[PDB]
Amino acid sequence: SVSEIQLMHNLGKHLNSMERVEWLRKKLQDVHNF
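When we follow the deposited numbering, the leftmost residue of the sequence shown carries the number 1, and every step to the right adds one.
Have a look at this one:
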């Protein structure tokens with residue numbers, strides 16, 4: 001039976017916006033001002 005693995009593979013494509021975004025959102029916060 002497969003479900004969490006199919007969702008995990010579909011989520012990997014979504015690993016750019018929301019949750020991930022904080023990496024990028026805090027990256028511009030770093031080495032800029034705050």
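Positions of the beta carbon are idealized from the N, C-alpha and C atoms, including for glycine.
How would you write the range of the alpha helix (DSSP H) that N10 sits in, first residue to last?
-> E4 to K13
Go ahead and pull the three-state DSSP assignment for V21.
-> helix
Cα-Cα separation between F34 and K27, rounded to whole angstroms | 10 Å
Separation of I5 from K13, as counted between CA atoms | C-alpha of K13 to C-alpha of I5: approximately 13 Å in a straight line.
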